[PDB]
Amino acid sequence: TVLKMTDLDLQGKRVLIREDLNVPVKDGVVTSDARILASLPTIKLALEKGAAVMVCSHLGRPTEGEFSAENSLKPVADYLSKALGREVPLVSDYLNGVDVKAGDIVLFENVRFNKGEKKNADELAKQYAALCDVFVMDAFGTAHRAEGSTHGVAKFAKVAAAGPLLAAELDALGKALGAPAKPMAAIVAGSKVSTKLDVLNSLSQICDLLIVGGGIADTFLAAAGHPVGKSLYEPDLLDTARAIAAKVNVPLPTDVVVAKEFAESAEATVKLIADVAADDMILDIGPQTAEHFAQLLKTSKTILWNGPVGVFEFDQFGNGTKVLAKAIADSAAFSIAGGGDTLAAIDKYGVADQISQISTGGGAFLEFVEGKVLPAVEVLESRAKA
């Protein structure tokens, strides 16, 4: 339970809003704005509520204590000025005081230039908190970090609350992971079981079908005694995968698309799983597997989508993910999706409108799926109780 900015009285109050404005930038220009688009209703509501608004965010992982022009938020100030129809100044020196009136908005320079940001320094947290009456955390994609402007500031601000976007992401994730409508399917892909072990084990206690992809799928295929050829798997994790497959239904591919190499002389071939050669690379699920998986997805009432099932930027290895994306788009289930490759797949196959919730903050998304405490949410919950 956290305080909500929407439930607050903000008229004439100085409001520091931590947004996730960490967008691609090239040559001083924003080249994609999904994170900014998502945050703008928060910014607009605070202004409508009578606030003096200070927006802050990170950009990249610059060196603390230096100005790095490539990491400056000036392109986001340019963008916000055109989006809001008003000059939105970038404020490059603010920890010692900033002049902002009710009804106005400024954009702080990159919080990660500040010495003490990454390690959550009290001195820095207190300087943030001194600039405002209310601190609002609205950046779910950084909620897994205890940093000066994501966590420390909320220790010391007079009032500390969640923003509308943070609350909405916690709600949707709570919907999919708290007690989901059954049956619940999860798709988890990646290069290694070991690197997503916490995700897999958590979902094993939550979902009813666990569709694995990529190198995770190779280890499950190996653990079942299937040949995976020249495809990455972890022999040491074989017992773990078998334990996971004992806890939850993990359907395995019945057919796959293989190639020996990426070359103009190579052909992409569908084989049954038993016929994978020792020099074949497993690069997509096969058409029978894709049909079976699609039928499973359209029977589910909840879908967690965390990964493609093939190297889909190659069309010869894209059928599995195309079919699965379309199935999720057609399915009656509440679907949530997260992870960079997943969003790329959603964009490529044009199903974004048909996904119930698309999380843009991968790392914090996975931590929430794993059952981890999110420090940014934790500090908000402690403030509310006290």
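Sequential numbering from 1, following the sequence displayed.
Mean CA temperature factor is higher for 182-190 when stretches 182-190 and 118-126 are set side by side in the entry.
On average the C-alpha atoms of 92-100 have higher B-factors than those of the other stretch, with 108-116 and 92-100 being the two compared. The PDB entry assigns its highest CA temperature factor, among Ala77, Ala223, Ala162, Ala217, to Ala223. Remark: of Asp239, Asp138, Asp198, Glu147, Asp239 shows the highest value [criterion: C-alpha B-factor in the PDB entry]. Among the modelled residues of its chain, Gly85 has a C-alpha B-factor that falls in the highest third according to the deposited record.
Among all modelled residues in this chain, the alpha-carbon of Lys175 has a temperature factor (C-alpha) in the highest third.
Sorting the modelled residues of the chain by their CA temperature factor places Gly318 in the lowest third.
Compared with the other modelled residues of the chain, the Cα B-factor recorded for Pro375 ranks in the lowest third. In the PDB entry, a CA B factor belonging to the highest third of its chain's modelled residues is recorded for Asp208.
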